[PDB]
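Q:
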Amino acid sequence: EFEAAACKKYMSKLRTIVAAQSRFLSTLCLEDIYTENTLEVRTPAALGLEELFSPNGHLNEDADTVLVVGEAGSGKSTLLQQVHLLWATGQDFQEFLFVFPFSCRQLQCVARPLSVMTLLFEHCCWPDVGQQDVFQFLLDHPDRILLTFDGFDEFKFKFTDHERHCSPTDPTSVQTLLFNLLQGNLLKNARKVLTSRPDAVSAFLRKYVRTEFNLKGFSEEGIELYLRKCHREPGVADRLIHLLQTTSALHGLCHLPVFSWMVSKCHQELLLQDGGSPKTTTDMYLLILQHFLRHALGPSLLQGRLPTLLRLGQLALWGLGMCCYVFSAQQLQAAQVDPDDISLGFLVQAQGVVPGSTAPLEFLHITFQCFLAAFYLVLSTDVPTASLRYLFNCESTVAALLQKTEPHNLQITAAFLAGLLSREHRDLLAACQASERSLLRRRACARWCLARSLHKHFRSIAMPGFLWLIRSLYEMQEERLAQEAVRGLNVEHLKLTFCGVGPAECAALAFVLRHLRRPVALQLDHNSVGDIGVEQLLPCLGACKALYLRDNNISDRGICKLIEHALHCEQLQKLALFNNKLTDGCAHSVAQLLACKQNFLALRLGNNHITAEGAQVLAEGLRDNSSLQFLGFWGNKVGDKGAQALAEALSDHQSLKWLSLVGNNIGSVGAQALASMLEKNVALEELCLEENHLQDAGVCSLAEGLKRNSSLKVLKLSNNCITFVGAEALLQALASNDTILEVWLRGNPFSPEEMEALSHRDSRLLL
Amino acid sequence: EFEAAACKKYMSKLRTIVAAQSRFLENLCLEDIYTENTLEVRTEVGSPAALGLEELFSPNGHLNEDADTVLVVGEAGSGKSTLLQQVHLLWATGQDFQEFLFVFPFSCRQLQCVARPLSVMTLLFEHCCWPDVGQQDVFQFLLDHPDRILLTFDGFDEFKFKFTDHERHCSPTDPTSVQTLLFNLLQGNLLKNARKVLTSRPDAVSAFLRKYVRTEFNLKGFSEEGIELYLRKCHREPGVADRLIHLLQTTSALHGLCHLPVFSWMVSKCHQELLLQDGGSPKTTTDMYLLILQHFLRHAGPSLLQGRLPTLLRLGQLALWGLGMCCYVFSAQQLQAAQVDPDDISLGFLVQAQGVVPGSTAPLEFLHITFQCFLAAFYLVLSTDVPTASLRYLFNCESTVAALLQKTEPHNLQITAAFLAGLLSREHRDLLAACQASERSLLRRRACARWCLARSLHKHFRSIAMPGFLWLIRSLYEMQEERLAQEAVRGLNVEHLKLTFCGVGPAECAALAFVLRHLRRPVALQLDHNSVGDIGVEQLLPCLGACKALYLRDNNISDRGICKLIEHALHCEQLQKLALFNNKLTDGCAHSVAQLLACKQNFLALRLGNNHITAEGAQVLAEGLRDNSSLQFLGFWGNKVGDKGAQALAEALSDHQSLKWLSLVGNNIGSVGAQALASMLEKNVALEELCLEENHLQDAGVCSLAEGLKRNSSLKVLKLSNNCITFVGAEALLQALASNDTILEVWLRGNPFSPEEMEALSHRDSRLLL
Ligand SMILES: Nc1ncnc2c1ncn2[C@@H]1O[C@H](COP(=O)(O)OP(=O)(O)O)[C@@H](O)[C@H]1O
Ligand SMILES: Nc1ncnc2c1ncn2[C@@H]1O[C@H](COP(=O)(O)OP(=O)(O)O)[C@@H](O)[C@H]1O
C-alpha cells in the first residue's frame, strides 16, 4: 500500500533522472543523432540494438550477464546511453522496472566500503520516500532489475577482492561487490550489461558471460546517415560525403564513430580543402585541437594557450599512471587547472547518473586524455627524454607513471607521441619548445626505439601489441624508418585474425609491410577490412604471396579493385574470400584474374552469393588458366547450370587438384556434366560434393565417368539422399579403380544392415 | 409431356429457393444495399479494361459458350461472395442471365466437408435442390442440355486437391470424390459446355486451374464514389451518412481502408463509436478489427476484453485448428468438441452458412474468413497453450501449434501474421495487458516477432515473389514500430521497385510509405497498373522524399491527386521523374504542373499521355515550361492539345536549354501547329526527338516543317507516321534533308503513298523510314 506508492514514486524518479542524463551528448539531441552501429554476436551473426537481450529471437533471462566489447571510440558509452533513454522514455526494454546506470571509473574512485543498498541508493538514485520498503521490493524482484556498468576495463581488481559475500546490506569493497553480482550471489537473475575495451576482457570474467557482443563501428552506409543527421544546412552533408569518397584514408578513419564526430565538428575547416586532408589519427586530433583553440594564427595559435595545454596534459598523464580517469574539485586545484583551462573544452562534466550535485570532471573522451598526455610528454621541460623509452619498452616520476599506466592506454599514447614527432607535426609544434633542438632530441629517442621495436617483438615468442607498433611507425610518417624496422625480419606468415583490423589499421600495415623483402602470407581473417580497407592495403599487395580475407564484409567493388592491382603483382598467388558479400557482379574480374595471371594458385570463394549466372562467366577465364590448383565454392549456389559450365572448362584443365562445390544445390544434371569431366580430366585429385540433391541417379552417372578416370583420389558425397542402389553402382565401379583413396557417404539414408554390407564390400567407404 | 412438366416444376423450385437464399445478407435487403464494385477483365494488351456486373459472360459485346470457365479473383473482403449472390438473385428473379435454365450455387468450403463420395446427380439434387417430381427425367434433360446450366463455386481456394483426385471420370451417376468431380467438370468430361463461375483469392491454385480458364476477371473493390453510396444506402437516419462521409474525407488512412467493402461494412457497423471520437481514429487494419471486437463485446476497455477472455480464447482455438486443417465450416459435433458453449456463439463471431435457415442444427462458420484469421492471431498472442517457436512459423525463420501453422494455407497464414504483428504493437499491447498470464507475457512474444520481421525483407530478396513482399511490408506497418521499419530496410540496396499488377490500393500505400521512407539510397518506385487513386497518393506522401522517380500509370488518379502530389514534390530534392500515363487528369491540374516546371529546378521527366488535357491547359503549363531549364523528356501521347496548344508549347521550347524528347502523338494537330513547331526548330538547339504521329498535319504542314528544318542542326529523329502526307510533302521534306547532316531517322509509315512513289522515296534517301 504505502509500500506500493513508495516504489511507484521511485520508479518515476529513476526514470525522470535517467532520461534527463541520457537525452543529450557530452559531445544536439540523442534521439536525432544516434546512427546505428554494426553490432555482432559471437557464434558471427549481425543484429540490431533492440535485440540486446534477445539476440536469437527470445527474451532469455538465462544469460543474465551480457558483454559488449569494442575499440576506444567504437560507440559503447553512446550505445548504453540510447538503451537507458529507450527505457526511461518507456519505448523499449520495458521488461525492467528499474535500470541502474553506473560508470565504473566513478565507482573505482569511491573510498569507503559499500553495500548493495548504498550502491543503488547513494551512488545512483536515492528514494525520496520509503527507502527500506523500496529496497525490499528490489530484493524480492531482482529479475526486474537491469544494471549497466560502462567501461568495465577501468576497474582494478585484486585477489583480496575475489571473495564470497552474500548480504545485500553488509558493506564491502566495490570490487568484491560486483564479483558477487556476477556470481549470482547478489540480486540473482538481475540483468547486467558490461561494456569494455578488447584487452581487458578476462579468463575468469568470460567465465560468467552468457552472451558476448562486438561493436565494430559505423558501416560505409552508416557514416553517410550520421553526416546527413548532423548537417541539415542545404547540401553541406553532400559535400562532406563527396569529400570522404575522394579521400580514402580519412573515409576509412570515419568507420570509428569518434572520428565521424570529429569530421562533422571540423567540416568547415575541411571543406576549405587547403592543403591536403588529414590521413593519420594524430592528424585528426591536431585538427580538433585547433578547432577548439580557434573558438576560445597556426603554430602561433598553439603557442597562445601552451600553458593551459601543458597543465591539462600533466593532469592527463598523472591520470593515466594512477588509473584515474575522473577528477574531483580538490584534485583539479592540486593539478592547478584554472577555469580558463576548463573552458577550453577538453574537460567536461562527468556524465553519470549519481545523486544531486556535484559531479567530478573527466576528459572529453579517454583518447583525448591519451593525446594530451602525449602532448605534455613531447613539450614539457619537466619530462626527461630518457623516460620516453617506457612508451616502447627499450627511475623518475614520469617513468614511474608510464610503468603503472594500463597497456591499452599506453599504446594509444605511444602512437600519438610518434605522430607528434612526425616531420610536419614537429614544424607545427616548433613555436612551443624552450630549446630550438628540443623536439629533435625527443625524436632521436623515439625513432631509435621504433627502429628496433618489431625485431624486439618477434624475438620474444602477442599480435595485438604488434599492430600498435605498426600504427606508431605509420603515425610518425617516416618512410626510411618503416624500411629500417622490417630490415632483416624474415617473416613468412603473418596471423592477424580477430585483431579488430579496420581501414585505418590497413593504411598502417600497407605503409610498413610494403618494405618487406621476402613476400608474405598475410592473414586478416575475421576482421572488418571492408572495401575501404582493401583500397588502403593496395600499396603492400606486391609484397604478398597470399592474401586471406575471410569474414571481412568485402563486396564486388572491393574485389574488383583488388584484382585490378593484383594483375600487376607477380608475388601474389593465393586469395581467400570466404564469407563476404560477393555476387555475380565480380565474375568478370575473377575471369580476368584466371585468364591473364599465369602465376595464380588458389582461390577460395565460398559463402558468398555467386549463382549459376556468374559461374558461367568465370568458367570462361578458367579454360584459359593453366596454373590454378585449389578452387572453392562451399556454400554458394552455382547449381546444375553452373556446375556444368565449370565441369566443361576443367576437363581440359592441366593443374587443378582440389575443387569444392559443397552446398551448391546441385542435382543429377550437374552430376552428369561432372561425370564427363572425370573421364577426360587427368589432374583433379579431390572433389567435394556434399550437401546437395545428387540422388541415386546422380551417383550412377558419376560412377560411370569414374570407370574411365584414374587421377581422382577423394570423392566426398555426404548428405545427397543416396540409397543402397546408388551406393552399389558406385562400389562396382570402384572394384576396378586402383587410384581412389577415400569416398564419403556419411549422413545418407541406409539401413544399418545396408551399412554392414557396404563397409565389407569396399574398405574405403566412410560411415 | 410429363418430362417437360417435371422440368418446369423443377425450374420453379430452383428459382424460388435460389431467390430466397440470395435476397438477404435480417434487417438488410440485398437489392437495397448492393453498391457496384470495380470489375476488370484481364487482357494481354495489359491495361485491363473495366465493365459492369451484367457483362460477366459477355465482356466484349457478345455471349460465348467458348469460355465455359470464368474466374473472378479478388482480395479477401473484395466482395466476391456478394457479387455471386447478386448474380444468383438477378437470375432467380428473371432479371438477367436468362440464357441459363438452371443455376446451381455451391459453397466450396461446405462441399469440402462432405464425407461420402458423390455423383453429378447427387451433387445437384442432394447438395443443391431435390426435384419434387420426375427426378430421373429432369436429370436426363440436364445431361441433354448442359449448355443451359450455370454452376457457381464460391471460394474455390478452400478446396484441397490431390494427385489421387486428378483422374478421369466420365459417368454422371457413378459416385466419386468431390474433387475429381470438379476436375472432370472443368475438363469438359461432365456437362460439356455448361458455364462455371469460380471465385478465388489471388494466390490460390492457379496452374492447372488457369490452364482451364478462358476468361479472368479482377474484383478491385469500391471506388471513392462507391463508398459514399454504400454509406448513404446503409444510413437513412437524418444526416448520419453525411457525418461519416465527412469523417472519412478528414481521416485519410481510414477512408483508404474503406475501398475494400469489408472495411466499409465495419465502419458502418461502428459508426456510433467512431462518431463519438475522443480517442484517435483507427488507421491500421488491426485497429479496425479491434474496434469491431469491442463493438461486439459492448452488446453482449481492456477490462472489457478481459471480461470475455475465456470465450475469445475458445473461439481463437477453434479458428486456429480450422486454419491448420483447412476447415472453415463447423458441425454441431465439432463445436461441442472445441467446447464452445452458446454464450460463445451468441457473442456473434460465428454465423450460419449462407443458404441455411436460422437455428436449425446447421453447421457454422466465422463471420468472415478474416475474422477466423484475426481470432487465430488473438489466441496465438494470449493463450498459455501457445509457444513462441510457433510464432516463428508465421514468418518463416515441434508442437501441435507449429504443426497446424505448417499446414495452414499461405494466404491465410499471411493475414494471420499481419494481425499477430498488429496485436503486438505498442498501443495494442497496452489494450491486451489485462489478458496475459504473466506481466511480461506479451513482451516475450514481441521479442520473437520483432526479431523475425527485422530479417524478413533481407530473407526475401536473398531468394530471387512481389505479392509476398507486399505482405511483409504490411506486417511491419501493422506493428507500428518505426525503429523496426528502419532495421528491416537497413542495408537493402534497392534501386528499382517493381510493384505492377500487385493489387496496390491506399491501405497498401500507407504501409509502403511507413517502410520505404527509411530507405537510404533513393528509389525508382513503380506502381503502374494498380488502383492507387487520389487517396493512395495522400498515403504515399511520407516516402516521396525517398523516391528518385515515381511511376503511376493506369492508377485512376485525378487532378486532386496530382496537385496534392506536386505540393509535396516541390520539397523533395531526390524526386526527378513522374509518369502519369492513363489517368483522369484534366486542364484543372495545369496550374500545379506549371509550378513544378517553374520552381523545381532539377526535374527531368514528365509523361502525361492518355489523360484529358486540351488546348486550354497546354497554354497554362507552357508558362512554367519557359522558366524551366532542366526538363529532358515530356510526353502528351493521346491528349488533345491541338493547334493552339501545340503553338504555346513550341513558343516556350524554342528558348529551352535542356529538352531532348517531346511526344505530341494523337493530339489532333494541323498545319497551324506545324508552322509554330517549325519556328521552334530554327531556334531550338537542344531538342533531339519529336514524335508527331497520328495527326492531320497534311502536305501543307510537312512543308513549313521542312522549312524550319533547314535552319535546324540539333534534331535527330522526326516521326511523322499517319498524317495524310502525299508524295509532294514527302519531296519538300527530302530536298531539305539533302542539306541536313544531323538527322538520323524520319518516319513516314502508314501514309497515303502509292507503291511506286514509295520505292522512289525509299531509294532517294536512306533516312526516310516507310
Ligand atoms: N551510435 C552512435 N551514433 C552517433 N554517434 C556516435 C555513436 N556512437 C558513438 N558516437 C560518437 O562517438 C563519440 C564517442 O563514442 P563513445 O560511445 O564514447 O565510444 P566509447 O565509449 O566506446 O569509446 C560520441 O561522443 C558520439 O558523438
Ligand atoms: N458489392 C457490394 N455491395 C455492398 N456490400 C458489399 C459488396 N461486396 C461486399 N460487401 C460487404 O462486405 C462483406 C464481405 O464481402 P464478401 O463478398 O464476403 O468478400 P469476399 O467473399 O470477396 O471475401 C459483405 O458481407 C458485405 O457486407
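Heads up: the protein sequence lines correspond to chains A and C, in order. Going letter by letter, the first sequence gives residues 193 to 219, 226 to 241, 253 to 505, 515 to 612, 636 to 702, 715 to 1020 in PDB author numbering. Going letter by letter, the second sequence gives residues 193 to 217, 224 to 244, 252 to 505, 516 to 612, 636 to 702, 715 to 1020 in PDB author numbering. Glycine is no exception: its CB is placed at the ideal position from the N, C-alpha and C atoms.
Residue 508 of chain A: buried (16+ other C-beta within 10 angstroms of its C-beta) or exposed?
A: No atoms of residue 508 of chain A appear, because in chain A residue 505 is followed directly by 515.
Q: Taking DSSP as the reference, what is the three-state secondary structure of C/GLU943?
A: coil
Q: Name the chain A residues whose beta carbon is nearer than 7 Å to that of C/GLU737?
A: Identification of chain A residues near C/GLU737 by a Cβ-Cβ cut-off of 7 Å yields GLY257, ordered along the chain.
Q: Quick one: list the residues of chain C neighbouring A/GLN290, beta-carbon separation under 7 Å, in chain order.
A: The premise fails here: A/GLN290 is roughly 16 Å from chain C at the closest Cβ pair, so nothing lies under 7 Å.
Q: Identify the contact partners of C/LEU681 in chain A, using a Cβ-Cβ distance below 8 Å as the criterion.
A: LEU268, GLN303, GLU304
Q: In three-state terms, what does DSSP make of A/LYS365?
A: coil
Q: So for A/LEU479, helix, strand or coil by DSSP?
A: In the structure shown, A/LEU479 adopts helical secondary structure according to DSSP, grouped into three states.
Q: Would you mind telling me which residues of chain A sit closer than 7 Å to C/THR603, beta carbon to beta carbon, in chain order?
A: Simply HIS267.
Q: Using only the alpha-carbon positions, how far apart do C/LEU465 and C/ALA763 sit?
A: 19 Å
Q: Mind the definition here: the stretch 779-790 of chain A touches the stretch 801-815 of chain A only if three or more C-beta pairs lie below 8 Å; say whether that holds.
A: The stretch 779-790 of chain A vs the stretch 801-815 of chain A: in contact.
Q: Tell me whether C/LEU288 counts as near ligand 2, meaning its Cβ is closer than 7 Å to at least one heavy atom of that ligand.
A: At least one heavy atom of ligand 2 is nearer than 7 Å to the Cβ of C/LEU288, so yes.
Q: Taking its Cβ as the centre, do 16 or more other Cβ atoms sit within 10 Å of C/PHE657, making it buried, or is it exposed?
A: buried
Q: Tell me whether A/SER904 sits in a helix, a strand or coil according to DSSP, three-state version.
A: Note: A/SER904 maps to coil in three-state DSSP.
Q: How far does the beta strand (DSSP E) with C/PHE593 in it reach, from first residue to last?
A: Counting along the chain, C/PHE593 falls outside any beta strand (DSSP E), though it belongs to the alpha helix (DSSP H) covering 584-597.
Q: In its own chain, which residues sit with a C-beta less than 6 Å from the C-beta of C/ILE209, not counting the 5 before and 5 after it?
A: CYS334
Q: Which residues of chain C have a Cβ atom closer than 7 Å to the Cβ of A/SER263, listed in chain order?
A: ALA685, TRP689
Q: So that I know if they touch, is there some Cβ in chain C lying closer than 8 Å to that of A/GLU234?
A: yes
Q: Taking only the alpha-carbon atoms, compute the straight-line gap between C/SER1016 and C/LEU947 and give it to the nearest angstrom.
A: Straight-line Cα distance between these residues: approximately 23 Å.
Q: Going by DSSP, name the residue or residues bridged to A/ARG400.
A: A/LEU355
Q: Please confirm if the stretch 262-278 of chain A is in contact with the stretch 640-655 of chain A, defined as three or more CB-CB distances below 8 Å between the two stretches.
A: no
Q: So the beta strand (DSSP E) A/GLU421 belongs to, where does it begin and stop?
A: 420-424
Q: Can you tell me whether C/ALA757 sits near ligand 2, meaning its C-beta is under 7 Å from at least one heavy atom of the ligand?
A: no
Q: Does any heavy atom of ligand 2 sit closer than 7 Å to the C-beta of A/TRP296?
A: no
Q: Measuring only from the beta carbon, is A/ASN917 closer than 7 Å to any heavy atom that is part of ligand 1?
A: no
Q: Check each residue of the stretch 770-782 of chain C: if its Cβ is closer than 8 Å to any Cβ of chain A, include it; give the result in chain order.
A: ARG770
Q: Kindly give me the distance between the Cβ atoms of A/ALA760 and A/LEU794, rounded to whole angstroms, as I take these residues to be in contact under 8 Å.
A: 13 Å between Cβ atoms; not a contact.
Q: Taking 8 Å as the threshold (C-beta atoms), are C/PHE361 and C/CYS313 in contact?
A: yes
Q: With distance defined between alpha-carbon atoms, name the residue in C/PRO377, C/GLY431, C/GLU363, C/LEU396 nearest to C/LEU403.
A: Comparing alpha-carbon positions, the option among C/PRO377, C/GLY431, C/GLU363, C/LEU396 lying closest to C/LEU403 turns out to be C/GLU363.
Q: List the residues of chain C whose Cβ lies closer than 7 Å to the Cβ of A/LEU355, in chain order.
A: Those within 7 Å of A/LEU355 in chain C number zero; the least Cβ separation is about 13 Å.
Q: Please tell me whether, using a cut-off of 7 Å, the distance from the CB of C/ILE584 to the nearest non-hydrogen atom of ligand 2 is below it.
A: yes
Q: Using the Cα positions of A/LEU498 and A/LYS474, report the straight-line distance between them to the nearest angstrom.
A: 11 Å
Q: Going along chain A, which residues have a C-beta under 7 Å from C/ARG678?
A: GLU304
Q: Alpha carbons only, please: which of C/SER546, C/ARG523, C/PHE719 is nearest the one belonging to C/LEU562?
A: For C/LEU562, the closest alpha carbon among the candidates C/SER546, C/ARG523, C/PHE719 is that of C/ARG523.
Q: If you draw a straight line from the alpha carbon of A/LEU1020 to that of A/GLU866, how long is it in whole angstroms?
A: 35 Å
Q: With a threshold of 7 Å (Cβ to nearest heavy atom), would A/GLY895 be considered close to ligand 1?
A: no
Q: State whether the stretch 676-689 of chain C contacts the stretch 570-583 of chain C, with contact taken as three or more CB pairs (one from each stretch) at a distance under 8 Å.
A: no
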